[PDB]
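Data block below; observations after.
Both counts, for ligands and for their atoms, begin at 1 and track the order of listing. So you know, we letter chains A, B, ... as the sequences are listed, proteins then strands, and number each from 1. The basis for the numbers below is simple: all heavy atoms, side chains too, and nothing from hydrogens, waters or symmetry mates.
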Amino acid sequence: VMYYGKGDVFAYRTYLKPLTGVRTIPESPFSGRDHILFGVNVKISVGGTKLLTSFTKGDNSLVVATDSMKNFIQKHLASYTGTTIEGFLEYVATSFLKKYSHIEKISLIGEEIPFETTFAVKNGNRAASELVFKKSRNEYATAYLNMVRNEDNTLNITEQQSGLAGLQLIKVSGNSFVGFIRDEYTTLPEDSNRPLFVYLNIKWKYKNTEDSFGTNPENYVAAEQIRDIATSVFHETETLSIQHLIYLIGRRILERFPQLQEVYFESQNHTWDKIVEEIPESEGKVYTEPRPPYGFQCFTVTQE
Amino acid sequence: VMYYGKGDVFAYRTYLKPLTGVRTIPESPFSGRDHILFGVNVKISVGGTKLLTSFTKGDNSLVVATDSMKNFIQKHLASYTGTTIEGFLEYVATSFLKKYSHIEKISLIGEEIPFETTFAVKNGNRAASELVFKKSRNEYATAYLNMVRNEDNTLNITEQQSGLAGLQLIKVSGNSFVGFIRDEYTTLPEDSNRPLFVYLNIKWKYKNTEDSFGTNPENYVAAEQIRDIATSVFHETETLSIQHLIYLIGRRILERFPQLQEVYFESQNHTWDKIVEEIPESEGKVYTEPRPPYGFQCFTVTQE
Amino acid sequence: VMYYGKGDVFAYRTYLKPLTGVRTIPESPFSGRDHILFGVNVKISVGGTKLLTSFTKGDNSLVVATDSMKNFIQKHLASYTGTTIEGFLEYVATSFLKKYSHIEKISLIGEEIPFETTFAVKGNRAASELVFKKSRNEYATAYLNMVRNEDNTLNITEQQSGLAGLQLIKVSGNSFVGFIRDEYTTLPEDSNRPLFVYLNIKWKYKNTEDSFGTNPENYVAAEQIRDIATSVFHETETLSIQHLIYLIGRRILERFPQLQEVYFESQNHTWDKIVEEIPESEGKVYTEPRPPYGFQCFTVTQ
Amino acid sequence: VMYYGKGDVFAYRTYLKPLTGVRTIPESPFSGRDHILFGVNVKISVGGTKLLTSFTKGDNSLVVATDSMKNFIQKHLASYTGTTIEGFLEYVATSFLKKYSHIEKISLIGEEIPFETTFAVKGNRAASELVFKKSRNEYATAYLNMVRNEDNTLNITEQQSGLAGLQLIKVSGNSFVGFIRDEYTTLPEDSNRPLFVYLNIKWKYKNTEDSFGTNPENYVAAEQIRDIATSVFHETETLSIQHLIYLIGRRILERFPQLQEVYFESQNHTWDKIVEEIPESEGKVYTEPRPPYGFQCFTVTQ
Ligand SMILES: O=c1[nH]c(=O)c2nn[nH]c2[nH]1
Ligand SMILES: O=c1[nH]c(=O)c2nn[nH]c2[nH]1
Ligand SMILES: O=c1[nH]c(=O)c2nn[nH]c2[nH]1
Ligand SMILES: O=c1[nH]c(=O)c2nn[nH]c2[nH]1
């Protein structure tokens, strides 16, 4: 292994070209992105056999300073004329390999820094502000791209993946976990109605990488729409386990987006412990935080 | 000083009585709370001279175990028939002093664990789910209460405060910071148009503590409404500093809510560093995260 | 309330004047600080009635920029000729009030950023004078409040030193029994628990000048306080955290008669026991509890 | 991809069999572990084609509950008769595959929860056998993957030990010069910087059984790796982080010929210099940089 790079390259751009012309799905009102504020946290990794002596000999002649990579990324956000994080990464990657001919491979991660709208009164009505936004620490979109330089100096994308990270959903009823193995290691009671709390990280891969860029936006798959599929399927489903749930979410995603090749889930179980089961004259209960150990699932659904 | 207690007492209640009948303000659509899910993180502190020997002699005869306080809090959330965190704290406090006659003082903090609604398709339309909610790590409501037992065994509230914590707002334009002291310690340039980014913690105190409880809900001041005042005033104001902004927010709060005695602000400055000032054929710019040192302000506005 | 300031002012200085000549105590090997690397995280807050219109009118005429406060602190760390965080806070506070006549009050917090020695071979193995390890464990703290009086004199109104983030577990020799059992009590009595405490310990001096280090025989080092706490924890068959922190405070006040008080903020993080008995062993297995934690706050006075 | 499991399985055992008889090296005083307190945080992941219908149909018939995996790990820590996290992972993995015939693959991570000795007076000052300090600094790690073959035999396919979270700063004797200067370069060359690195160091054995501790002469302790890194950092006039980690890896492989490779994940956290020159002193003042950090990933092979 031989790579080096720069992480936590925060970059905030105002007035990026808006994303419009997307194709809708029943589960989601998503219709585009205004891009008054477009925030991204980028990580860049680069490799190439010509870098060996920077490790073995202390020779920095072919070292692009990691600080310079930060400058590169931030200056390219200013010149980017596209509309997606996925497209931004392609722009940075192609540009970097063109600039630095001794680099053979580049890997990029971009994570959305999401902002929400806020209310303001002006001119007699209350409406969403075009100026004031709220920083969100909830779920966020992600993108990943790897690009290589070939022997003939052409550049190729070798892997692309988009995602939604940090979605935390609790369904208060309509979930069971029963029928699992009861042996000398089992102390978990069967539960026919639990308040399932899942953390979800959902990643998708396109059949055609061009569709990830937003250039023909009707082919773009938006993290917002993926979120809304997840919440809809969770609601609709009498869940039998998290495994059961995430397969159903993945199937719905692939049905709604035939341009996707596969969808990958990282889920965690954070369901609360029950403290009070019955409340007089109420359907309510009281729960509390569990001990730290958490269940998790890793699972891919493919169009095949 | 002599106190002991329990922190991080998480408690989640389903189907609390809903909060309705509130009085509206222009800056906010807030009209109540459904309370399908009501989450609170409670901290309890207790004191009393009768506790001295638990420290000086190792005598636990009068020690309520901190673990038992956790049970007390969680069981009282199940029996609580009110509609606010402020009212819950009063219920816990009164109940605890009634149970434990050698305790002279109790202090409670309750912090909302907020959940947001999600979309689901069912029966032919998409609508907000009554079952699936999204855990939010953004701003949250707070409450504080201190209660004492007097010589005649009556109980009195000695301080009450409500709040909104963790509000993070960025206004992209329409802010200046100019005209400050320029001396041998000054390297900050004057800026006539900066993207001010503030973190805000806003706390209010009522003229009449009864108004905090929700029993006559038209007198309750909701953290949601306070949030919306903050965003509205930020939008409306050509800010001259954070100090300037927070005074204006506080004045608007006291004007909208004449039942409040005062409002207290803890603000922090997290404004980004500018990297690209001019983008061809655009009003956009690029910014990045600053170094760690952050400005802060602490400021009270009173009805007087 | 009306103040403003700057937080997370990190400042790292190399080769501060060494802290030497400290009175050593039985519990601790501490005898000074080399100060090859001196790291502090400073928070400054200032007030004055003349600041009112910066809030009420947007008038920045009398605003020292918080960014400039950052520069002030970092440049004063470069010119500081003393040997403690406590003395550094006094230097900053006096300098700031002397510079800015419209400021009536200043409050400072300084938190050590601690670095530990590491081994190098140079031959034989010894502590390096160049390579240090950044520690995210316990750290020293200092607090100072200073005011300008009506007669233009300056006065320290509050001073407090401390040790923060000490996390100690004693595997045996601790009990928690005899507490109230009623409808809300589910906790079992335990005659031998592995008490795990977090400790924040703060102390005040009878004479504020003893905090500065200028006469090092009267300086109380956070390193010595740590080693008193572990020594007392070891020696004591504890009956509660309450019981332990009282005895730690008594020992501190006995070792350091120049101190007026010691204040504790403790938390309980004791593990849940999962396996009570292991064939042919003294040992047991435990695991992390649910999040709710007990805490205690207590002052011992000289 | 199809697996599931349990993370943050904390398990604390008292009086594990001590690790003794380790080969000591010049760079490190390490000679074993008392194991009065042994803490590990375990993550388990399992797979098998027979798990498919638990996803596709909601059939829990063949689901070992993740909660039960937690119980499995904690109870096996109570019955473990060995002396390392690496050997504990092997015990859990073999036991789990022997118990659950429908599981084809298991992957384990174990992370040390480290505890440091403290002083007590008992008389004279000495290390306590009862009171320990929880450390949030560097910690040992272990990784193991085991599979069931077509012929029902079990095989370790992957094993890796490590040291995580080592944060080291060298105040002088580091340079970063000679790198590419073009339209995107603003970083100044620096012939004497206080290089601050975070290090995660991982190693693989030629023979997986040397990882278990069963013959302690062949065991490579994370404590020894730490002290090699600080020793090499001290000795080296570094020319980059790249240059440093290569030399640390070379030294590790020379000291431990039983190792097949060492892998590094490094990050740069060097401070920004604020004051270049201090009257009549060697010293300087620095402060924390903006968030973006450099990193390096590199493998050295025996
Ligand atoms: O949904 C669940 N899947 C699981 O595998 C599991 N194990 N314990 N609880 C669980 N819940
Ligand atoms: O709004 C601000 N207030 C301040 O006091 C300040 N100081 N630096 N920047 C600042 N911005
Ligand atoms: O030392 C303790 N003090 C307490 O007050 C307490 N309550 N539960 N456990 C406890 N342990
Ligand atoms: O050691 C370093 N290696 C690098 O690649 C680098 N880039 N900026 N600073 C650096 N320091």
Numbering the atoms of ligand 1 from 1, which are under 4.0 Å from a heavy atom of [X]?
X	answer
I242(A)	1 (O), 2 (C)
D67(D)	8 (N)
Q243(A)	1 (O), 2 (C), 3 (N), 4 (C), 5 (O)

Next on the checklist: Ring-plane angle category for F299(A) and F55(D), please: parallel below 30°, perpendicular beyond 60°, tilted otherwise.
Outcome noted: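 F299(A) and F55(D): parallel rings.
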
Checklist entry - Can you say whether the rings of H269(C) and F196(C) are parallel (under 30°), tilted (30 to 60°) or perpendicular (over 60°)? => result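 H269(C) and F196(C): perpendicular rings.
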
Item to check | Which residue and heavy atom of the protein sit nearest atom 8 (N) of ligand 3, plus the separation | outcome: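 Going by distance alone, atom 8 (N) of ligand 3 is nearest to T66(B) OG1, 3.3 Å.
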
Checklist entry - What protein heavy atom sits nearest atom 4 (C) of ligand 3, and how far away is it? => result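 Result for atom 4 (C) of ligand 3: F176(C) CZ, 3.4 Å.
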
Next on the checklist: Check for me whether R194(A) has a heavy atom closer than 4.0 Å to any atom of ligand 1.
Outcome noted: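 Checking ligand 1 against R194(A), which is what was asked, there is a heavy-atom contact under 4.0 Å.
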
Checklist entry - Using 4.0 Å as the upper bound for N to carboxylate O, is an ion pair formed by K50(A) and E104(A)? => result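 Looking at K50(A) together with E104(A), the answer is no, because their closest N to O distance does not fall below 4.0 Å.
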
Item to check | Side chain, backbone, both or neither: the part of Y4(B) lying under 4.0 Å from ligand 3 by heavy atom | outcome: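 Answer for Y4(B): side chain.
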
Checklist entry - Do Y4(A) and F295(D) make the cut of ring centroids closer than 6.0 angstrom? => result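 No, ring centres 6.0 Å or more apart.
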
Checklist entry - Heavy atom under 4.0 Å from ligand 1: found in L188(A)'s side chain, backbone, both, or neither? => result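 The part of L188(A) near ligand 1 is the side chain, not the backbone.
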
Checklist entry - At a non-hydrogen distance cut-off of under 4.0 Å, which region of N269(A) contacts ligand 1 (side chain, backbone, both, or neither)? => result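 Near ligand 1, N269(A) shows its side chain, while the N, CA, C and O stay back.
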
Checklist entry - Has the side chain of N60(D) got a donor or acceptor atom that lies under 3.5 Å from a matching backbone atom of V178(A)? => result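 Side chain of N60(D) to backbone of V178(A), a donor-acceptor pair under 3.5 Å: yes, one is there.
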
Checklist entry - Is any side-chain heavy atom of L130(D) closer than 4.5 Å to a side-chain heavy atom of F233(C)? => result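 The answer is no; the side chains never approach within 4.5 Å.
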
Next on the checklist: Side chains of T238(D) and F176(D), heavy atoms from C-beta outward: is any pair under 4.5 Å?
Outcome noted: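 No, every pair of side-chain atoms sits at 4.5 Å or beyond.
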
Checklist entry - Is it true that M69(A) lies under 4.0 Å from ligand 4, counting heavy atoms only? => result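 No, that is not the case, since the closest heavy atom of the residue is not under 4.0 Å from the ligand.
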
Checklist entry - Above 12 or not: heavy atoms from other molecules or residues under 6.0 Å from NZ of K99(D)? => result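 Yes, NZ of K99(D) has more than 12 neighbouring heavy atoms, counting only those of other groups under 6.0 Å.
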
Next on the checklist: As a quick check of understanding, evaluate side-chain contact (heavy atoms from CB on, under 4.5 Å) for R291(A) and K70(D), giving each step before the final call.
Outcome noted: CA-CA 11 Å; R291(A) 292 183 174 93; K70(D) 175 262 295 185; over 6 Å; no

Checklist entry - Any nitrogen or oxygen of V63(B), main chain or side chain, under 3.5 Å from a nitrogen or oxygen of ligand 3? => result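 No; every N/O pair is 3.5 Å or more apart.
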
Checklist entry - Counting each atom of ligand 4 from 1 as listed, which ones have a heavy atom of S240(D) under 4.0 Å away? => result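 Every atom of ligand 4 under 4.0 Å from some heavy atom of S240(D): 1 (O).
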
Item to check | Ligand-residue contact atoms, ligand 4 with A65(A), heavy atoms, under 4.0 Å | outcome: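 That gives atoms 7 (N), 8 (N) of ligand 4.
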
